[PDB]
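Next up: a single chain in C-alpha cells, the form deposited in one PDB entry.
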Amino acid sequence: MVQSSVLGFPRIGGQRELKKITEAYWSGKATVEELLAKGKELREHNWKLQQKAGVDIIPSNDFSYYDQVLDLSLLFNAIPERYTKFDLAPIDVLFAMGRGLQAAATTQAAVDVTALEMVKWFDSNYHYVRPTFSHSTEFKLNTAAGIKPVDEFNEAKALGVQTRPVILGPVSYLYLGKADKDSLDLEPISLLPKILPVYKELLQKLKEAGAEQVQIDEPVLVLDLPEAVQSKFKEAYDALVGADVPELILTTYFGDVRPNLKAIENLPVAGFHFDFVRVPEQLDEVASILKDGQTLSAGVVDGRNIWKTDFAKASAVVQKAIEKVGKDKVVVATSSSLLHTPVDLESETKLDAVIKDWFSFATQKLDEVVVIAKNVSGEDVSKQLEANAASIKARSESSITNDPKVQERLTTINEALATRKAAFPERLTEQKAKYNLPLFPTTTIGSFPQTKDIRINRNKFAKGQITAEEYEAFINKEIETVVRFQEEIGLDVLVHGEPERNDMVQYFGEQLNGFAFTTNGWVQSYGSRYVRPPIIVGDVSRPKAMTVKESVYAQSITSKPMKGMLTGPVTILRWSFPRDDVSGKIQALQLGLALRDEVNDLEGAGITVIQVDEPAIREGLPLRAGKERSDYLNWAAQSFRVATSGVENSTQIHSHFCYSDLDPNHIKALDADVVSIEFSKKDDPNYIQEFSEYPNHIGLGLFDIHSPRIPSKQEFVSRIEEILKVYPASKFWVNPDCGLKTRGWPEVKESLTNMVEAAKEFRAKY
C-alpha cells in the first residue's frame, strides 16, 4: 500500500487570511496575540485538509509569517547585531529583518534599521530573505521566540495529526546565505562546523517530541556545485544522523542532481526525494545510489505549475521506481512544496469550464497524489483514471490552443527584427537633443501606491457596480494626482503610477489572446505580497491596444517627458504559469512579436519614451551551465529585442531588473538605453564592480522601496558619492530600487523629495 507525501502547503489562506492579519499587526490594528492566534487557525485548517484528503506524509514548519528561511535565520540566531540593540520581541526582530523598521520615540522606544536582502528562490518568483552571516555570529538555538518547528509539530499532534517537519539543511542554508559587509572575507559554507551542532540539537528536540521522519531540504544539489562543496554533504549528514534523531529524508527539487551523485552516494540518511516532473530521466541513475534501508520519494505532481496531472504518465514513473527499488520503499510525492501554487481551484467561478477542467491548484493536487498512490497500490480507482484521462484528451484536442496566423509570423523573426536602427552612442546624441535632460536625471520605476480606493474601484468596475465611463474618470483623477505630485517634487522623467493595473503581468494576461487568468488564484511572492499569475494555454497575440488610452492621457497633462510601461516578453512568461505542450523559447518569441505591436502603437500615439520591464531575465536562467542555458541567454534577449527594435532612435527604451543575482553581461545584450537596477535593499558588495563596464545608461537603485523607512537626504548622497567613485556622471540616472505600489503616500512623498533634493546637489557641484 504505497504511501503519499506532500512537501509543503501554501500558508496564505483561501481568503488571504494571513495577509490581512499580518498587515493589521504591522499597522497596529491587531495584537501580537491575534496574529499568533490566526497563524494557529490556518495551520490547523491545512493539516486537517490534507488529512482528510488521504495524504499520509504531512508537512509541518512549512508555515511562515514571512519566510521559512528567515525563520531558520531566527532559530539559529543568525541575526545581525544591528537588529538586537532595541529590545524588540522575537516576532518583531523577525519582521524588521524583513522590511526594516522606523518609529520615533513614543513608552514605545525609538528604532531605525534597514531590511535585509531578498532574492529569487532559484528560478521562481518566490523570494527569500538571504541569511547574512558575520565573524561575530554565534550560532545558538534560540528559544526566546519559542522553537517553531517543535511547537508546530506539537500543535498538529494535539489534533491527532502526525507530521513531517521540514527544514532547510545546513549546506543549502549556508550556501544560499551571504557574508555581511563587516566580514567580506567570509565564505558562508565555512561555518558548517559551527552550525551543525545546532541542527543536531534541533533534531533531538524533534525526536523527543515524536518526530519519526524529517524532510530536510538540500535543493542546492540541482545546481553546479564546486567540488569542495560536494564533499561537505557527507561531513554534514554523518554529523547529524543517529539514534537520537529522526530519520532524515534528503529532499531535492526544481532540477537535476546527477552531476552531484558522488556527493551523496554514501550518506547515512533514511531516504531521498527527487523531482521527476522536471527531470524524470534521472530516475535510473539516482535510484542506483540507494543502499538498502533507504526510500525514494518520487516527485511526480508538479509543485510549480497548475496543469492537471496525467495519471497515466505519472503512475508509469512511480512504477518504473517500484521496478528498481521495491513497492515498499517508494513514495508518491509532490515534485516540490505547493508553496508556488494557489490554494483551491474550486474558488474560481469565471473560467470556461472547458479550460478549468485542465487545471489543479493545491487542494486538487492533494487528491492527485492520493489517487496515484492508490493506483500503484493495486486499489481500484478506475473511475478517476478515466475522468482524468478525459480531461487530458480534451486538453490535447482543442481549437482554442492554436493560431496559425501567429505560428507563421514567427518566421519573420531575424537579426534585423532584433537590432535597432543605430548603436546606443548614436541614439544618445539624438535623445539628449530631443529631451534636453539634465545631468543626474531623476525618475522612478512606474507604479505608485495601490490605495484601497484604487483597489475598491477596480473591483466595483469588474463587478459592474460602475460604468467604464465612471472608471476612466476615476483613473484619470489618479493619474492627474500622480503627475501633479511628480511635478511638484521636481521629477524629470515621469511615470503614471499604474493605477489601472492590478499587476504588471496580470493586466497583460487579461488582454492577450492565448491566456487565462484567475479571480482568487493567489500565490505568495514575498512577505504579505502575493500575485495571481496568469496562465498560458495557447498561441499568443495582441488584438487591441493595451496601454495607450492611459499613457496618452498621462502625457497630455504634463509637458514633462513620460514613460510608457510594458512588461517584456521574458517576464510575462516567467511570472505566468507556462504551457504544458511547448517550450518557453517559443512562448517568449510570441510575446516579443506580440509586444512589438504595443510598443509601436505607443510610439505612434505620441509616447516616445517607453519602459519595458524585464525583471525575470536572471530568474528564468536555467539552473545549470550547458546547452540549455546558453540557448536561454540568446533567445531571452532576442525576444526582448524583438519588442523594442522597431523604435526610432529619438525614442528612449528603458528597462528594469530587481531582486535577483543579476548578470550584467546578459542585461547588456538587451542594448536598452537606460535601466534601473535594484541595489539598496540587496546590500550587494560587488554590483558596483560587476557593472563597471556597462556601456549604456544606468540607474543603480538608491533606496529600499519595500520598507516604510524614509531615508535621509543624507543616505542618498552617500550612495551616490560611492557610485560616482567607479562610474562617470554622464551615464548615471537616479531612481529607487523598484516600484511604489506597496508603499504608502506619506513616505513616498518625503523619500522622493529627498532623492530629488539630493540629485539636485550633485547637479550643481558638477
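Whichever C-alpha set is largest while still superposing within 1.5 Å between the two forms counts as the rigid core. Numbering starts at 1 and runs along the sequence shown.
Separately, the form deposited in another entry exists; it is not shown, and the next lines address it.
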* To do: Superpose on the rigid core, then report which one of 504, 97, 171, 195 has a CA displacement of at least 2 angstroms between the shown form and the other one.
  => 504
* By the 2 angstroms cut-off, has the C-alpha of residue 389 moved between the shown form and the other one once the rigid core is superposed? -> no
* Spell out whether the Cα of residue 43 moves at least 2 Å between the shown form and the other one when the two forms are superposed on their rigid core. => no
* State yes or no: after fitting on the rigid core, is the Cα displacement of residue 18 between the shown form and the other one at least 2 Å? => no
